[PDB]
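Included below are structure tokens for two forms of one protein chain, each presented in isolation as structure 1 and structure 2.
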Structure 1
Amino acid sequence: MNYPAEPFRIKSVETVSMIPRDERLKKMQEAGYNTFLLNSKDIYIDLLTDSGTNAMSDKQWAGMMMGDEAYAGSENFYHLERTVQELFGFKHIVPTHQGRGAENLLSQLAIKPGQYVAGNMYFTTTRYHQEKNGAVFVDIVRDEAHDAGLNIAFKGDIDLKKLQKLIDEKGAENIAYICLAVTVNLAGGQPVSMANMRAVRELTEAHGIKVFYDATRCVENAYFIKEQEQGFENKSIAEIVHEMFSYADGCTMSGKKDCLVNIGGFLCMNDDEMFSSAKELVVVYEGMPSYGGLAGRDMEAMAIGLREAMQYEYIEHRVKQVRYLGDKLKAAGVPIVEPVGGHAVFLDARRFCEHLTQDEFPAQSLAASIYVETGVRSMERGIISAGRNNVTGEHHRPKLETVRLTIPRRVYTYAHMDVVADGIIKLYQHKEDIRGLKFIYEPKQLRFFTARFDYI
């Protein structure tokens, strides 16, 4: 089916409501025209993020009642540990409270000041932890990944020429590691092919260069491989995930995305010495290696959720629900990033707001406007998120200036997607009413989370 029904039933519900346009306009101004600054009670359908907003299952909630809260030797840690060993195939696991805790560890463990880390397009917290540990980020994604309207498969793929070039020009000894994200978030949740993961492993291994995956949406990625990469049509999601990680030296994961939980993450690796060092560090920032700043019940929920994520019908429906929203928007002529990604539809703010320059912060502005007009919260994914260049002080200027309608897993229905698609279409009808924004408060890093603006 193009649009399969939900492969589950509703066990329990939460109420939703809208507040009038008048009240919302007030709300937008008080939050400094930053969607991140509005309040949950004041949002009707909350598409700010798929991070930590997922609906758990009855089985996960049963697990939540069996939290073994012991400081060491918790049954829940053992369960998480064996589940991740089985499904991802890495030797060692260190839990963290969420993904950026695992990134903090990896960046501290694996980077010497002055080294390069190369990856398939930047990410916000990722680039910050790289640069903060003294690395220079090098983007080795294909150029097309940066082309919002260009409909090509596996846009997350690393350009092997660009990786080769980097090795020739910098020397392998000066490359800390390759960071391969699956899927790639800021390109629109775009997948990476198995062929590419293999080619990357083969080339890096020849030069002694390590490869670490950002596993945050690895199940979404595995769906796209099953659906689109020749030869995978009859492999299970689980077989695909396990092969994917077989091409990496470890990974970082925000369990708050594809593990179907509201909190949780981990770091995995194969190297014994790196494991020892990681355990020394986790103690500083997260907790003991035996819980990593998580309750036992959350290690349990994450163990159960990661295994539920492997069910074909679940991930099929997850991705196709997002695709439905994208398809409706596209059929009506609304400009979006193509092809639609695994976790969100990204309105292309540049086409949505032609009359604005990117220095007017179109994406940031549009997010505000969608809120005012519809009560739907969405996230800036453009020049604000891109941050400032640490060499020059200027904004980084990403070609992708996008606005994210991000779908939490197992929370909404197609009828909710229809409510969203209608609101957006209507706002499009007068997109020339969307006004320029400028900063009134800029944080020194990760500025998008809490920055505030005023209309120009």
Structure 2
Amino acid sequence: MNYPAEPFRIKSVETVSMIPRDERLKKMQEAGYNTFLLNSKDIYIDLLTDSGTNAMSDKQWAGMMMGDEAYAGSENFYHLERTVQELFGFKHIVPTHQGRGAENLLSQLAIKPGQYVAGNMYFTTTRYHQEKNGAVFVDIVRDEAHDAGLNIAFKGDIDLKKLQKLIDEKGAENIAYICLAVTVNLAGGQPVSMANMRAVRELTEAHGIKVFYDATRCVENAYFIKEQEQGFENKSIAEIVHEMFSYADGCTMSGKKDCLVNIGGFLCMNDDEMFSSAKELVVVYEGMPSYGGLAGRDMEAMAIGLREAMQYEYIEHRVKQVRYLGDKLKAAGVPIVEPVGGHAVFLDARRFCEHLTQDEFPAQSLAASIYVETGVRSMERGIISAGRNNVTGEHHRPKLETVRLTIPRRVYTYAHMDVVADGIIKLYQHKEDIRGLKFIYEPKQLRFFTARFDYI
């Protein structure tokens, strides 16, 4: 059934400014046409990211009042611990303040310099921590994942042949681990099949290679398996999640995504020796094995939220709400990355703004247009975010020139989705009018965060 009603009601609301177009235009200009510079208080619908922006439940808020704030041995940690062991089925769990804290720990524990880490594409923080610790990254995703127009299921799947080739050519001893991400963010949030997770587990296990999941959107992933993978029709979301992780040696998790919280993450593993070493390192960067840089109340909220995420109707609606936005855009001819993923819709700004060269920052400009026309903030994921080559001074020119409409969980309705869609569709119907942008201030680093622009 295409678009279910919200399987929840509103307990409480977040106050927003409903400032009109003329005032939004002034805010956009004061932000140098960079949506990253906009004030939260000036935004109606904020689709910058689905990270940490989720609406919690009444049950989680009750948990928020029961924070056992002890430095060691907090009841909230034990709740988190037993929840994650039950639901993910790992032996050991170390909390971290969010996903990149867990990635820091994992890559220091699991990588010898010179070794390879192979994955289904990559995410920036994850790959950074791998490389920082001496790894060489190797993309082993299926070639299809790089074709953003290709409508196929389980587009996040690892190519077993590529994995085999890496094993044959570099040797198993020289592969630190396989980093299998669910879903695959860089491909537009594409799911990985259970068949693929099993095949990868089976090949790596034969060579004694470890597999660690980047589990950030593992619940959206489980919903795709439920919906589209033959034989998972009688399985609960919890059963699918538990089976997914049975094919890994551990994971890095951002609770800020699929655990329905505003902060929080953790590291899981099965190996006792690695657990011991991880506990030795968490104290350096995060905090105790029993708080890991989180307040007691946040371990509690994340424990409760991960269990809420198992509800079929919740995750079905989460994914289908994103789908609604994608479908509506596609029906109007708006160019998007296909198929639509679990967490976001990516506009193809290259095609949307065909009259503009990449050097005129079509994605950055389209994101500015969207905020002005609708009060919606979206994220530039194109040439600006790619940054400038420091050696040569040339832009990094990504194949993907996109605007990301990233959907927080349980925050918005289908009517908000219409606001976004109708506005983008209206812009599309006169897309030729969207003006190119030029730098007026460009920092040396992290340019996407603070750069300012004006129209050409």
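Definition used throughout: the rigid core is the maximal C-alpha set that superposes within 1.5 Å between two forms. Reference numbering: structure 1, starting with residue 1.
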Point to revise | Of the candidates 326, 296, 101, 375, the only Cα that travels 2 Å or more between the two structures, given a rigid-core fit | key: 375
Check your understanding: Superposing on the rigid core, do we see a C-alpha displacement of 2 Å or more at residue 390 between the two structures?
Key -> yes
Exercise for review: For residue 170, decide whether the Cα shift between the two structures is 2 Å or greater, given a superposition on the rigid core.
Suggested key: no
Check your understanding: After a core superposition, would you say residue 8 shifts its C-alpha by at least 2 Å between the two structures?
Key -> no
**Study point:** Core-aligned CA shift between the two structures for residue 23 (Å)
**Key:** 5.1
Study note, to complete from the structure: Taking the rigid core as reference, the Cα of residue 354 travels between the two structures a distance in Å of 3.2
Practice item. For residue 422, tell me the Cα shift between the two structures once the rigid core is superposed, in Å to one decimal. Key: 1.3
